[PDB]
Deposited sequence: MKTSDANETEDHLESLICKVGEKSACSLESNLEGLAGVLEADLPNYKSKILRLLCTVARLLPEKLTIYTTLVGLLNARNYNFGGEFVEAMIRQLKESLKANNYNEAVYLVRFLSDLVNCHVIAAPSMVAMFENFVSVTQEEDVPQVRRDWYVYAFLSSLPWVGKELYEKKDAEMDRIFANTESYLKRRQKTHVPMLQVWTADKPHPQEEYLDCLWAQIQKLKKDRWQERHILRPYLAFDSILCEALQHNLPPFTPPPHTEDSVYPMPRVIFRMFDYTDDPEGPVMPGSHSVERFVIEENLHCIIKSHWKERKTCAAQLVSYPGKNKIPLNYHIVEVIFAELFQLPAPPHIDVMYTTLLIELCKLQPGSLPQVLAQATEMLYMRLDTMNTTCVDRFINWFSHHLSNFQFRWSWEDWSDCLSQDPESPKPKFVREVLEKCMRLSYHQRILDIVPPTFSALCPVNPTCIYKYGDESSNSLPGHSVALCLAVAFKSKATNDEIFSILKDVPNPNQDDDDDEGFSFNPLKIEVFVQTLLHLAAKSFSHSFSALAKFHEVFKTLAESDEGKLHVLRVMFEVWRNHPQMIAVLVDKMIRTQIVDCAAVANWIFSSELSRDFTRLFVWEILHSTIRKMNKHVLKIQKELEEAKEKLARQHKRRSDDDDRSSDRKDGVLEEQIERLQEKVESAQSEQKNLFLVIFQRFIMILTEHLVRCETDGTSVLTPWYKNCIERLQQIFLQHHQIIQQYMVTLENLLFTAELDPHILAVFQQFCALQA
């Protein structure tokens, strides 16, 4: 164990900033490993493999190290190469592919260290590219194979071209032929910005191909990647080269899942920093290397924010670059990447806070500039990305005493109030109020912005003292109020609710009066509302037996609490959890006529996504319970064989999981049906009226449909068949069907 922990720490120490030059530490580490070679061969091989798989940002270093070991022990190099091939095959079979990319890159860089012969790796990359010639195969897998090839190229391209220029040219021709005839249907769904200026959000494969071509035009002369092995030009040159075995890629299987396509998040230019080192161009492989290294650094240390910030700040490079701008750009790319960020968003905001703390003289200005540029380009930003931006900016301001030069954004006052910029400002102020008190937000915005401030979060009771008595249900409301103040029981509340002149089993006036009084009396805190809802839960169940009752309860709750959207969301959450209203009722309420004015607000879609997440978590929980029961049944059966009620319980759990899956299917079907209905209604109205179809309402609605698809692709891949057969058909309007087609191409 001591030898194990020691060796691990030792192998993971190389790379960290040290007084001794990197070359000296590498040589010492190689010598130490060779010294203990004959007793820990397998351990050393496994440690090096896992380090190559889990620390891509340090790639070159470890690469060199292997070469140094190969420069002394040929057998070690051969065994290590075989282990790498085996690990890569395991990763491909394991359906994880980022590790496969990192291992392929490690192998590619091993060529520079004179560990692997160039011709063998040229053959391996030839097979990679020839995978694009397969028939009846998802485009995602061909895309990934070409991506692995082109991403390995920045590291071993010089050597491969110098050794096998003809075969490399043929491989490039095949890659160009493939890239010419690719499908770009998925791009608009994933682009953060639809605008072509000032920075197109080009597809990742197209961007990488452009950068590789620029590098090839530059005679493969790159100026960023560290190449420690160069310092050992002598030592590494006398080493004998190994030959890879003919590598055939694992055959496509129906169980195979491939990484989804991504769009490069470009938002900075060299002109944005006219004082620091020149920023590498968008179509320069240096930019890609920097972005990938920073993404890997974030992924490795995504848990601890302080360590991640320290590592990001101290990212080394052959030539100086504007590190602050690169860090901000990659962090925003992670936050805004679609379908979902690699990690949680609160992590990104806190990491930006920590980075600003680490570098308080430069980074805050870069963050302010980035925020201003993000605001300026709001006219075409994705609504999902707009929500993420709103949340991040609200949290940032909350962390910095809600200080900002709002006057710089004064241009949003003049234009339409529903437009992306004033809408973003309103939603940001609403979130800021959510993280503070209403009066605190009125004191920070300049008086000219008062129109965009949030409304006071106060309850609206229809049966107030000033309210007229003509409204039916005033006496009953007063009686219910006094009963509530008297610590009433459910039976006597039912008794008082007995006397209601039913306008029509389901009474709308009864539900209205009850819910209004209950919410008004518990309109001081969330705890009070929770206690009142739970205490009178039986009344809710009795009055909300039917779907109409649940919809009316939701409508009345919205009417009472419309200036306090956080209260709406919390109350809906509690009602769903308590089973007062199902998820279908909430989904129908979101598209109800009452919420047409608030349809484009962020809290509505937060509520919808929270309900979907609740359903997903419920299904997962019941599935986990069923799996645990089945596993314990198998364990008991095997133990008994080695030497009735449980089967009934298993069948009951199977029934419950089947019901939960059916409920999830119904929820998603209902949501898609309502989205289709609203969008087709708008499109028909625009066609008959001869007006423009691209309006803020349409943009928001279509982007929210896209948001549902993107967030819950993992669960909609199951319903794919019924979605294609019932909702999304040929007869559907092309505008709406485009979202479904893009979702289809996302993982196909």
(request) Show which contiguous pieces of the deposited sequence have no C-alpha coordinates, counting from residue 1. (result) 1-6, 511-519, 659-667
